[PDB]
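A look at the structure
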Amino acid sequence: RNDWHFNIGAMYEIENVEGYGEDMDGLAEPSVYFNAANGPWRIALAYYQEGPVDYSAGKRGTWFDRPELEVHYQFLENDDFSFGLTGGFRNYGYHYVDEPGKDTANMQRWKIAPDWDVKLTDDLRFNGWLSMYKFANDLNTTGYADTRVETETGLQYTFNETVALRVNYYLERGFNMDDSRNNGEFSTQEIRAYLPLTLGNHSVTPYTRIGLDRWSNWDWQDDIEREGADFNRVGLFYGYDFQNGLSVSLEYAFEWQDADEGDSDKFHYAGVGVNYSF
Ligand SMILES: CCCCCCCCO[C@@H]1O[C@H](CO)[C@@H](O)[C@H](O)[C@H]1O
Ligand SMILES: CCCCCCCCO[C@@H]1O[C@H](CO)[C@@H](O)[C@H](O)[C@H]1O
Ligand SMILES: CCCCCCCCO[C@@H]1O[C@H](CO)[C@@H](O)[C@H](O)[C@H]1O
Ligand SMILES: CCCCCCCCO[C@@H]1O[C@H](CO)[C@@H](O)[C@H](O)[C@H]1O
Ligand SMILES: CCCCCCCCO[C@@H]1O[C@H](CO)[C@@H](O)[C@H](O)[C@H]1O
Ligand SMILES: CCCCCCCCO[C@@H]1O[C@H](CO)[C@@H](O)[C@H](O)[C@H]1O
Ligand SMILES: CCCCCCCCO[C@@H]1O[C@H](CO)[C@@H](O)[C@H](O)[C@H]1O
Ligand SMILES: CCCCCCCCO[C@H]1O[C@@H](CO)[C@H](O)[C@@H](O)[C@@H]1O
Ligand SMILES: CCCCCCCCO[C@H]1O[C@@H](CO)[C@H](O)[C@@H](O)[C@@H]1O
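How each quantity is defined
- Residues numbered from 1 in each chain as written, not as in the entry; some residues may be left out.
- Chains lettered and ligands numbered in written order.
- Heavy atoms only, no water.
- Residues with missing side-chain atoms left out of burial classes, pairs and counts.
- Near = heavy atom within 4 Å.
- Areas by Shrake-Rupley, 256 points an atom, 1.4 Å probe, with all protein chains shown as cover.
- Helix = DSSP H or I, 4+ residues; strand = E, 2+ residues; numbered from the N terminus.
- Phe/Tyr/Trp six-rings, centres within 6.5 Å; stacked < 30°, edge-to-face > 60°.
- Buried < 20%, exposed > 50% of the residue type's maximum accessible area, 1.4 Å probe, protein only.
- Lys NZ or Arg CZ within 6 Å of the ring centre and 35° of its normal.
- Core = buried A, V, L, I, M, F, W, Y, C linked by side-chain atoms within 4.5 Å.
- Contact = heavy atoms within 4.5 Å.

- Structure determination for this entry is recorded as X-ray crystallography, at 2.18 Å resolution.

1. A word on the site of ligand 8
- The local shell around ligand 8 consists of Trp-41, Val-71, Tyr-73, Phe-75, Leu-85, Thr-86 and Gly-87.
- In the complex, the protein chains occlude 44% of the 510 Å² of accessible area that ligand 8 would expose alone.
- Secondary structure elements with two or more residues in the shell around ligand 8: β4 (63-77) and β5 (81-95).

2. Some thoughts on the packing of aromatic side chains
- Counted according to the given criterion, the structure contains 24 aromatic pairs.
- Ring centres of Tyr-92 and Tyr-144 lie 6.1 Å apart, and the angle between their planes is 55 degrees; on these two criteria the pair is classed as tilted. Separated by 52 residues along the polypeptide, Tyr-92 in strand β5 and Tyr-144 in the loop between α1 (139-142) and β8 (147-158) bring together distant segments of the chain. For the pair shown, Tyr-92 and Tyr-144 are each scored as buried.
- For the ring pair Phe-186 and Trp-220, a centre distance of 5.3 Å and an interplane angle of 15 degrees mean the geometry is stacked. Here the residue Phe-186 occupies a position in strand β10 (residues 186-194), and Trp-220 occupies one in the loop between β12 (202-216) and β13 (231-241), the gap between them amounting to 34 residues.
- Using a relative accessible area of 17% as the deciding quantity, one classes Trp-220 as buried.
- Members of the aromatic cluster, connected to one another through ring pairs, are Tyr-48, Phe-64, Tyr-92, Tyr-94, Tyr-96, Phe-135, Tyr-144, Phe-186 and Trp-220.
- When the ring centre of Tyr-48 is taken as reference, the NZ or CZ atom of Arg-66 above it lies at 3.7 Å.
- The cationic tip of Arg-233 hangs over the ring face of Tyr-269; the distance from NZ or CZ to the ring centre is 4.0 Å.

3. Describing the nonpolar core
- Core analysis: the biggest nonpolar cluster contains 13 residues, and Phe-64, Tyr-92, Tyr-94, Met-107, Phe-135, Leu-139 and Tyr-144 have the highest contact counts within it.
- Counting residues per element, the ones that place at least two in this core are β5, β6 (104-119) and β7 (124-136).
- Ignoring any residue separated from it by four or fewer positions in sequence, one finds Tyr-92 in contact with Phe-64, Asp-65, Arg-66, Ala-105, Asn-106, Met-107, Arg-109, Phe-135 and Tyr-144.

4. Comments concerning the environment of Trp-256
- With respect to the element layout, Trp-256 can be found in strand β14 (residues 246-257).
- Put simply, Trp-256 and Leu-155 are 101 residues apart on the chain and 26 Å apart in space, counted from C-alpha to C-alpha.
- Contacts of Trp-256, omitting those with residues within four sequence positions, involve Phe-231, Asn-232, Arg-233, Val-234 and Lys-266.

Quick look at the structure:
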């Protein structure tokens, strides 16, 4: 038997829509997590919430919580190949306020996800993860498709110790395996690019996501909706490592619709995180 490694941490993320010259409504997304690792094994517990930012200070709407348990096993880990596998369980416990005909819901998500890292040359790596999810229970309420596939995979070129370029293909696709179901169906494809910099104890990663294509059909999106015009997004992740097990992270991203017309809604994403490693 080997050593236990532990992490605990907490994050607070905000999403805002910008329209008519100001922040128009936003979500607040507190979360916390704990993880424990030994040899090839890792287990992670987490609790996440998403609801209206000023929900407790007066009023607002639909929120959900999302307790989670994941287990990861590293099959291979070396220089030339790494391969690992996650199994996961979440509950989505929805509380509807906005919604007519809707009340509470509990829908589970089951996850199986390989992750890999393959050396192509001394400078170049092919890496990625791919996840399959099954959603179960309350789907008539939540409107989700029963199955989903998601992957980010691509190439990493390392310049030297301080800088690396990564460029990835991203896909997310919701579909129904049950012929009877037709809700929640969508597809999103992007290219994503990152320039992670390691400057002493600071980590700085500017990045961009370039929309390739997206569509959602009838059910999906905003109940009474479902769209299909693609977004660009630019962001910056900043990390700081205190060298005593403590680290903090700050993230900011801006997203707009390259679509044509007059104006259209934009989106801001911000996050602050803390991790303690022992
Ligand atoms: C801080 C800068 C404020 C500039 C104000 C311009 C933003 C207007 O964004 C608004 O998005 C709406 C959603 O479709 C459009 O319908 C409005 O016509 C548009 O003005
Ligand atoms: C679980 C991790 C801790 C997160 C709590 C950090 C403090 C959150 O603070 C919240 O900020 C909101 C705006 O974002 C305000 O609307 C709320 O009134 C305020 O409680
Ligand atoms: C880091 C460790 C996180 C564990 C937190 C577990 C919290 C489980 O709390 C869950 O909250 C939901 C509220 O909608 C309910 O639907 C569930 O019945 C309830 O068990
Ligand atoms: C800079 C942020 C890049 C996000 C890339 C998404 C794909 C992640 O891919 C991951 O790369 C890791 C190397 O860092 C490997 O350890 C993992 O096995 C691999 O799944
Ligand atoms: C570093 C070794 C594990 C890499 C992560 C593989 C697990 C895939 O998990 C994925 O994590 C993503 C963030 O990467 C989330 O965006 C995805 O929704 C989640 O499915
Ligand atoms: C390092 C380079 C990263 C960026 C690659 C972007 C490739 C964009 O690709 C294009 O994107 C458009 C999105 O509206 C589509 O309409 C085009 O048909 C699609 O081919
Ligand atoms: C730090 C440099 C990144 C700048 C990104 C923020 C500026 C994006 O601004 C966006 O530009 C788009 C393209 O012209 C317009 O369609 C959007 O209306 C506008 O909000
Ligand atoms: C998501 C996590 C899935 C775990 C998949 C199986 C991992 C454990 O299985 C592994 O460990 C031993 C049994 O303990 C076997 O003898 C090994 O050969 C096997 O690789
Ligand atoms: C991602 C790291 C830096 C991102 C900075 C983006 C902040 C842009 O924010 C602003 O950009 C304008 C374009 O000038 C938009 O039209 C404004 O409405 C928006 O608030």
